[PDB]
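*Asks:* From the sequence below, what's the structure:
(chains A, B and C, ligands or ions: 2)
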Amino acid sequence: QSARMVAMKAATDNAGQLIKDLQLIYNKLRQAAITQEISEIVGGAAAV
Amino acid sequence: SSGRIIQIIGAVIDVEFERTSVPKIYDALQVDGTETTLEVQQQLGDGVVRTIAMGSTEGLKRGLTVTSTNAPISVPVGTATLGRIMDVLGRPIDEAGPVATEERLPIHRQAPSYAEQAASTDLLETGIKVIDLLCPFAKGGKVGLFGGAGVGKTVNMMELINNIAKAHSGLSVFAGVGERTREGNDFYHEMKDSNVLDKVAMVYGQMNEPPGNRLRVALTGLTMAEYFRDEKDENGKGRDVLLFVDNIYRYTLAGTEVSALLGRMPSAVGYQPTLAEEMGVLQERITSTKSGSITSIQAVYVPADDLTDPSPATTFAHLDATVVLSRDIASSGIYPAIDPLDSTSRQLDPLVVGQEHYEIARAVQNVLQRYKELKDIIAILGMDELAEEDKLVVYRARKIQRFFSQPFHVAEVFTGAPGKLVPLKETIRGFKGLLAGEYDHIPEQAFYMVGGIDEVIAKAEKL
Amino acid sequence: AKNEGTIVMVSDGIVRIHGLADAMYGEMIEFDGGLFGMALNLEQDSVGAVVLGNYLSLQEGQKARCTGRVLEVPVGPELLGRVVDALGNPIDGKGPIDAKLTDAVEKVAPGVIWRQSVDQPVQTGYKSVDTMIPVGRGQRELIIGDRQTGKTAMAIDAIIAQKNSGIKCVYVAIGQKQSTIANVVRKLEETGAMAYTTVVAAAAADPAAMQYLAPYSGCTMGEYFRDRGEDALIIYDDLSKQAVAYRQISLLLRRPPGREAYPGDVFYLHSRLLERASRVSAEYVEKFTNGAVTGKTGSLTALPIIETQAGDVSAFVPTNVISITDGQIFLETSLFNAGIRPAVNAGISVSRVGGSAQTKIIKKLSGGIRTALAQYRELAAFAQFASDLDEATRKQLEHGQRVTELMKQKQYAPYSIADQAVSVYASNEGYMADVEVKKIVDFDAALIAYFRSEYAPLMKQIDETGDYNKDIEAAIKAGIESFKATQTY
Ligand SMILES: Nc1ncnc2c1ncn2[C@@H]1O[C@H](COP(=O)(O)OP(=O)(O)OP(=O)(O)O)[C@@H](O)[C@H]1O
Ligand SMILES: [Mg+2]
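*Replies:* Numbers count the residues shown, from 1 in each chain, chains lettered A, B, ... in the order given. Ligands and ions are numbered 1, 2, ... in the order given. What follows is the structure:
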């Protein structure tokens, strides 16, 4: 039982840390994504 | 001399003047026969000026005359604005009559120069134990309020408004940028009911208003606060002034909308190209001159829970203290509800505040962090099963948590208990005594809503 | 001659006119074949105007004439029970509307000094939203969810549940298939809710200008009862389609682009519309009517609806409109498939007005349900490991399961205040601790039907008064005990 505790505890901790890093990546992509479309849209405004 | 509208597209309006008499940037114009005002925003060729109207363009046609004021938007400044509600143009919206002040000031002005800065950094005493001890404020500083609704955000604002006038004989100015009308009415009526309206001046820019109104509503409050600061009483000494910003994120959003309306290449994350400059225009006029000081309290909203977003990133470069309100503490029953571990201040250093204050604050923060680390072990492994020092840390942390709470003065007409303003020295002495261990036998229930330390002793011996 | 021009360009439903020098922004214009247009761009040497109708009959070189008036709609109580286009022309074929007066479509909300605190309740018939997310007269609550997630159902149920309240209702449909609108109208007429409801429809085949101007006309028609002291409710079925139509018009008019190609003035579009749902004070009603009505306060409640793609609430328009409203109701796609038919997510849905918009008995009895739901959210993974917990936590989990199954309800069956009160009282006390987890829905109705047949006086008193005194509590307890003793489910 005690051993399971420790093992399970570790998992939870790891999961928590994992989430954090993913969040960071997500935010980056989000910002990056937006910028791209704007540029393309601006290109359309110059297409005429 | 006079102009005429030549183009109407939404809010953007193009006006044509004479070859010579072309109004400068940021000048204010007024369309005759209508209650419409325009703000110069860009200068083009052939004496054509691109402006944004403060108001609505419905029922407007090309060929209407325009008269130039040859000056920026001027607002009335004085002591007759204490207890009134005005819009961006300084017009009453409370149906209480015209403001008797006859002297006006422009809202566009350069920041004070390099040689006009204060020769030292002096702390500001508020009377709230937790704010003074762990997030000390500075005359000319800036505080960012991170909190949701239902955590007592307005009550704290009113308490600070009362405390400054009671202690430092100062005044306050409130500016609402893009606020809801319902909450504005509620706030005004709460101020009237609590009797703090007399010491404050209020300016509202509504959410249903065009972005031009919401963008230029903070400068009016800034101008009023600046006039309050430089008023010289006998023997000079100026005055200390508070300024309030209901939300600064909406200021940046209004700037973005205005930039998009005028038409220019978007920056990263769709922000306008001139973001940091626009914010530094606002945040560099809030400082402590030789005559007196202005301190600003601003509410900050983080979009998409992203601290890396350009708007909060630009905001955080000017903030000196951060006050965080947590729902967890409010449920626990400890008001005011300010987190003592997520709240930070740049003035908490041994140089500005001293050595003993720094030591006491760091010790309290360390004890709180230790308690935060130990709760989980008690929760899962079990109660007790631990050495004595941990248990002593837990008991002291609980006593400190109870001791942080204090009654306020703006709630006297509701609960009936008088408010307590605690001088810093009393807080320092009480916390040092608690950390020493003298009050290791006093019941913790005497630390709740009890104000100063001696008062704790009296409540304990009475019980 | 300043009141006559010519057409020089026709394309994609937009006509450019050369003339009309004294033409105002938003003024209506008359095309040759009994057609109307709205001006939106006043350039140096041309006027941009959208056509409110079929532009395929317009050709270059035709004439135009300015009306001299802003866009207006007929307003009155004679529009109740009728279906009309965005401009007031009937489409149900039941005859002309005997209009008495007209009102402008673009108007400004009342100032901050004329408002009033929201303290009166509005019922929708759903226990989950009536006890957790109260809606008051003058509030602004938003329903947001993915496709086929239950959004329209809830709006129609809210409209239906005003049978015995005296609140008028306006229903605006934007960019929908005509068959769906016909089915909705038929269902409304079948129940009997069409005796006090107005319907404005702009189908998917209609011009984008109509789909863009429909909600403003609907709000103008709903503002009639606010100024005269009598309450009203308005529902916009999709603001997303209005935003799409606005984007199309702006892009076709060459306004500068932005994130997702939306124009700059898009937040203002919904801001100036949603801010008109307010509760005015008695002084405003006294002044507007010139002393005809005294001591009465008006209101207007709004229930906008927004659709999100794949749950991306971070999009431009959902974020724009979330920051404007006073609350949010979130409907999940996973909960709909899992069997929770109303599919309301508790945990991310909030009401800013709160408990100030409830009756006495509902306000007293909502706390137990809120606490039980919170505790069930706290501990739910322990369902498999129930036997290993102590008695208190196991009891908490069982109570949470019973409560979360009590929230399920069927379509077209609005609950009354007495019904909700009886159900909540039976739950807050220990009465529903013996029934099985799977049979709670059957037990709840049987209990409701036992009342209204043996205790109807009491139900009428609760419905008409809303008070809560020791006497009512005793009657409710005695009735519940009698039902549990004698009848069977
Ligand atoms: N409370 C309910 N209980 C059971 N079924 C329901 C309930 N509410 C809606 N439904 C059904 O689930 C489906 C959802 O349709 P509905 O019109 O409510 O969704 P919607 O969000 O408006 O969709 P759309 O995006 O297609 O307009 C329909 O078949 C409807 O009959
Ligand atoms: Mg739908």
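*Asks:* send the alpha carbons of stretch C:185-193 over as PDB?
*Replies:* The C-alpha trace of stretch C:185-193 is given here as PDB (Å, rounded to 0.1, in the frame of the first residue of the first chain):
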ATOM      1  CA  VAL C 185     -43.700  29.100 -35.100                       C
ATOM      2  CA  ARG C 186     -45.900  26.000 -35.400                       C
ATOM      3  CA  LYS C 187     -44.800  24.700 -32.100                       C
ATOM      4  CA  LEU C 188     -45.200  28.100 -30.400                       C
ATOM      5  CA  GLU C 189     -48.700  28.400 -31.800                       C
ATOM      6  CA  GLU C 190     -49.600  24.800 -30.800                       C
ATOM      7  CA  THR C 191     -48.800  25.300 -27.100                       C
ATOM      8  CA  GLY C 192     -50.500  28.700 -26.900                       C
ATOM      9  CA  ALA C 193     -47.500  31.000 -26.400                       C
END
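*Asks:* quick one: the residue nearest to the spatial centre of chain A from residue C:333, how far?
*Replies:* By Cα atoms, centre = their mean, chain A has its centre lying nearest to residue A:26, at 2.1 Å. Remark: distance between residue A:26 and residue C:333 (Cβ to Cβ, to the nearest Å) = 21 Å. All C-beta spots, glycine's among them, are computed from the backbone N, C-alpha and C.
*Asks:* who touches residue B:16 in this structure?
*Replies:* The contact partners of residue B:16, taken as Cβ atoms under 8 Å, 6 or more residues apart in numbering or on different chains, are B:3, B:4, B:6, B:46, B:47, B:48, B:49.
*Asks:* can we see that at 6 Å?
*Replies:* If a contact means Cβ atoms under 6 Å, 6 or more residues apart in numbering or on different chains, then residue B:16 has B:3, B:4, B:6, B:48 as its contacts.
*Asks:* and the second one, what does it touch?
*Replies:* Taking Cβ under 6 Å, 6+ apart as the definition of contact, the neighbours of residue B:4 are B:16, B:63.
*Asks:* How about residue C:289, nearest residue that isn't a chain neighbour?
*Replies:* With Cβ to Cβ, 6 or more residues apart in numbering or on different chains as the criterion, residue C:289 has its nearest non-adjacent residue at 6.5 Å, and that residue is residue C:228.
*Asks:* what separates the helix or strand hosting residue B:361 from the chain centre, distance-wise?
*Replies:* According to DSSP states H and E, residue B:361 maps onto helix B:355-380. Centre-to-centre, helix B:355-380 and its host chain are 29 Å apart (Cα atoms, centre = their mean, to the nearest Å).
*Asks:* packing partners for that helix?
*Replies:* Judged by 3 or more Cβ pairs under 6 Å, 6 or more residues apart in numbering or on different chains; DSSP states H and E, helix B:355-380 is in contact with helix B:388-404, helix B:424-436.
*Asks:* Which one of those helices lies nearest to residue C:452?
*Replies:* With Cβ to Cβ as the measure, helix B:388-404 is the member of these nearest residue C:452 (51.7 Å).
*Asks:* which of the residues in that closest one are buried?
*Replies:* Within helix B:388-404, the residues that count as buried by 16 or more other Cβ atoms under 10 Å in any protein chain shown are B:390, B:393, B:394, B:396, B:397, B:399, B:400, B:401, B:402, B:403, B:404.
*Asks:* Please save the CA atoms from that helix in CSV.
*Replies:* Coordinates of each C-alpha in helix B:388-404 appear next as CSV, following Å, rounded to 0.1, in the frame of the first residue of the first chain:
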residue,chain,number,x,y,z
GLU,B,388,6.7,19.7,17.6
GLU,B,389,8.4,22.4,15.5
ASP,B,390,6.0,21.8,12.5
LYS,B,391,3.0,21.9,14.9
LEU,B,392,4.2,25.2,16.4
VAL,B,393,4.6,26.5,12.8
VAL,B,394,1.0,25.5,12.0
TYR,B,395,-0.3,27.1,15.2
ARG,B,396,1.6,30.4,14.5
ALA,B,397,0.5,30.4,10.9
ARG,B,398,-3.2,30.1,12.0
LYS,B,399,-2.7,32.9,14.5
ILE,B,400,-1.1,35.1,11.8
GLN,B,401,-3.9,34.3,9.3
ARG,B,402,-6.5,35.3,11.9
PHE,B,403,-4.5,38.5,12.8
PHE,B,404,-4.4,39.7,9.2
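*Asks:* those strands in the stretch 201-350 of chain C, which residues are they?
*Replies:* According to DSSP state E, counting those that start in this stretch, the stretch 201-350 of chain C carries its strands in the segments C:232-236, C:301-307, C:327-331, C:350-351.
*Asks:* Export these as JSON lines, with columns for mean neighbour count.
*Replies:* Shown next, in JSON lines, are the strands of the stretch 201-350 of chain C (neighbours: other Cβ atoms under 10 Å in any protein chain shown):
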{"stretch": "strand C:232-236", "mean neighbour count": "25"}
{"stretch": "strand C:301-307", "mean neighbour count": "24"}
{"stretch": "strand C:327-331", "mean neighbour count": "21"}
{"stretch": "strand C:350-351", "mean neighbour count": "18"}
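*Asks:* Minimum distance to residue B:351: which of those strands has it?
*Replies:* Shortest separation from residue B:351 across those is recorded for strand C:350-351, at 44.4 Å, computed as Cβ to Cβ.
*Asks:* Which secondary structure elements does that closest one sit against?
*Replies:* Using 3+ Cβ pairs under 6 Å, 6+ apart: strand C:350-351 touches no other helix or strand.
*Asks:* partners of that strand in the sheet?
*Replies:* Paired with strand C:350-351 in the same sheet, following DSSP bridges, are strand C:327-331 (antiparallel).
*Asks:* Go ahead and name everything in contact with the strand it pairs with.
*Replies:* With contact meaning Cβ under 6 Å, 6+ apart, strand C:327-331 is reached by C:141-143, C:145, C:149-150, C:343, C:345, C:348-352.
*Asks:* Select, out of the helices and strands packed on helix B:355-380, the one closest to residue C:266.
*Replies:* Smallest distance to residue C:266 across the helices and strands packed on helix B:355-380 (Cβ to Cβ): 44.9 Å, for helix B:388-404.
*Asks:* got the angle for that closest one vs helix B:424-436?
*Replies:* Orientation note: helix B:388-404 sits at an angle of 160 degrees relative to helix B:424-436 (axes from the mean of the first three to the mean of the last three Cα atoms, to 10 degrees).
*Asks:* any residues touching helix B:388-404, and which ones?
*Replies:* Outside helix B:388-404, the residues within contact range by Cβ under 6 Å, 6+ apart are B:130, B:367, B:370, B:371, B:374, B:444, B:447, B:448.
*Asks:* what about residue C:73, which SS state?
*Replies:* At residue C:73 the chain is in strand, as set by DSSP: H, G, I helix; E, B strand; the rest coil.
*Asks:* Go ahead and confirm it touches residue C:89.
*Replies:* No: with contact defined as Cβ atoms under 6 Å, residue C:73 does not reach residue C:89; the gap is 10.2 Å.
*Asks:* before we move on, back to that, any idea how far residue B:463 is from the residue nearest to the centre of chain A?
*Replies:* Distance from residue A:26 to residue B:463, by Cβ to Cβ: 54 Å.
*Asks:* Around chain B, pick out the residues from chain A.
*Replies:* Counting by Cβ under 6 Å from any Cβ of the partner chain, the residues of chain A close to chain B are A:27, A:31, A:34, A:35, A:38.
*Asks:* Now a ChimeraX select for only the buried ones of those residues.
*Replies:* Remark: buried members of the residues of chain A next to chain B, expressed as a ChimeraX selection using 16+ other Cβ under 10 Å:
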select /A:27,31,34,38
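*Asks:* residue in the stretch 201-350 of chain B nearest to ligand 2?
*Replies:* Nearest to ligand 2, among the residues of the stretch 201-350 of chain B, is residue B:304, at 26.1 Å (Cβ to the ion).
*Asks:* Surely that residue touches residue C:314?
*Replies:* Yes: contact criterion Cβ under 6 Å: residue B:304 and residue C:314 qualify, at 5.5 Å.
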